[PDB]
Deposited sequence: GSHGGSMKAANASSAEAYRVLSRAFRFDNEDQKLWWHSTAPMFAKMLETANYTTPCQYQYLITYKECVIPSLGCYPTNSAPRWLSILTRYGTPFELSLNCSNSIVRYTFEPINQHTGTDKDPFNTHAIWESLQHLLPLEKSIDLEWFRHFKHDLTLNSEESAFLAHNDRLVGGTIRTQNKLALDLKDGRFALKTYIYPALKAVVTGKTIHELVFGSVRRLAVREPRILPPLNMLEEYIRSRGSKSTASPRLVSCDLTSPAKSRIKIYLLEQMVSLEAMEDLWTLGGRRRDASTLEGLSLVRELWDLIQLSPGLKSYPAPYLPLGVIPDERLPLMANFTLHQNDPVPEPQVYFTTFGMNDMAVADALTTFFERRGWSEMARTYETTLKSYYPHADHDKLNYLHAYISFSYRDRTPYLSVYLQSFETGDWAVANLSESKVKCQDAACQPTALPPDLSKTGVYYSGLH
């Protein structure tokens, strides 16, 4: 019985017939990622015009910022975005059927001596996106980018001394788009790790210092920021959780979230709960309903528990993972709520994909997400229709969970590379 194949997605096929590509890399990027992208839009019930709209913006504004087509045979920028270092990833917000994607902007100067840590390329991507969406605001972006990524002089200093960082993934910042309502919302992610190296500060001081400075002009972010920092400090100097990155929405400050992400090396339900409740600071009924769903997801997904080291910096393409990763959580500073809001990440990368898709579909059924439950596995398989589906262990990078307005919110972050007809065209 012939099976569904994302390369048959009509919007993918039509756009392929329409599009001008002026280099090979972009063309490869399009054919590598668009089948899954178009198929995901379709199955998430985006109207046909919206499928076209989003795939065109992606092709015209984003693909030219994904650098050369990734192979193991030629140099490429390795992005912190995925374990394979590819600078593009789709996520399906399953609870709302919203498609999002994240990319790390890369341009000609990325990784050359003019931008050895890729701290400049993001401006050029913003330049292409800004005219498309009136609501895009860069005020907070500029602030965090200035405080938390390498400037030019820090870059040249670290490039000369790059013995200090060896094989460190260099990503400074990434952008993501939430696709909704014929519009998009823009988000950024900023990785202060190398900024920490060069300033001799810790990522925590950088992140919290920058947010405090911002709270001078935006006092409403201060109360959740204070609670967050008190929670972190309370975990002590041997905490298994450490600040890793910060995100904010690129819209007006009044509407923008700041999200502070902790890497949590202890994979256990207890560690997850502690993050969820900020060590028992959140005891409200809403938190507790959310908590029952965290526990349910924990029990379905069956992550391998225990302390997890940092993984190998990246996996070459084609390499089957043999690893399990730290959890993650972010804490959102809402301006209308004094208590930071958590979102937790079940880091499934390396786990059996069909098992994980089964855990997901069970969770979907239980939530009454009838259609999600019905279509999820079939659709997932269609993204990689030539794979040995039962042996895949690298599609599901993360499952997110938060509980917003008494509403379960879940996204899956999926390997997004060499999809559809591409493939034909020990210790765990």
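Undergrad: Counting from residue 1 of the deposited sequence, where are the gaps with no C-alpha coordinates?
TA: Deposited residues absent from the model fall in 1-6, 432-457, 461-465.
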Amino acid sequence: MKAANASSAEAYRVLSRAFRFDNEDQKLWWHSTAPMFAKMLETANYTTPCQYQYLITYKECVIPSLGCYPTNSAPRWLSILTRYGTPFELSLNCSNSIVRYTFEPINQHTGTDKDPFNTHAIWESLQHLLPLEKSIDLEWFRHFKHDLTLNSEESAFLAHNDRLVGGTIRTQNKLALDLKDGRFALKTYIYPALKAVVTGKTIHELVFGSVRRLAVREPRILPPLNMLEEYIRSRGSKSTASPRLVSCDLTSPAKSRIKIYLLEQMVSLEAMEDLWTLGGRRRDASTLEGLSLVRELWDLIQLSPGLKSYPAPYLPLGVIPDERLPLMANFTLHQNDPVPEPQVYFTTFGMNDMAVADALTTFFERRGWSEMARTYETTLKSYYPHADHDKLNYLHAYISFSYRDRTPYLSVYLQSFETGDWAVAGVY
From here on, numbers count along this sequence of modelled residues.
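Undergrad: Would you mind comparing 378-386 and 363-371 for me and telling me which has the higher average C-alpha temperature factor in the entry?
TA: Mean C-alpha B-factor is greater for 363-371.
Undergrad: Tell me which of 120-128 and 279-287 has the higher mean C-alpha B-factor in the deposited entry.
TA: Going by the record's values, the stretch with the higher mean is 279-287.
Undergrad: Out of 335, 171, 91, 188, which residue has the highest Cα temperature factor in the PDB record?
TA: Each of 335, 171, 91, 188 was compared by C-alpha B-factor; the highest is 335.
Undergrad: Of 348, 82, 343, 112, which one's C-alpha B factor is largest in the deposited record?
TA: Of the candidates given, the C-alpha B-factor peaks at 112.
Undergrad: Split the chain's modelled residues into thirds by Cα B-factor; is residue 253 in the lowest, middle or highest one?
TA: Top third by C-alpha B-factor.
Undergrad: Would you please rank residue 175 by its C-alpha temperature factor against the other modelled residues of its chain and give the third it falls in: lowest, middle or highest?
TA: Lowest third of the chain for residue 175's C-alpha B-factor.
Undergrad: Rank-wise, by C-alpha B-factor, drop residue 402 into the lowest, middle or highest third of its chain.
TA: Lowest third of the chain for residue 402's C-alpha B-factor.
Undergrad: Could you say whether, by C-alpha temperature factor, residue 244 belongs to the lowest, middle or highest third of its chain?
TA: For residue 244, the deposited C-alpha B-factor lands in the middle third.
Undergrad: Compared with the other modelled residues in the chain, in which third is the CA B-factor of residue 48?
TA: For residue 48, whose C-alpha B-factor we compare with every modelled residue in the chain, the answer is the highest third.
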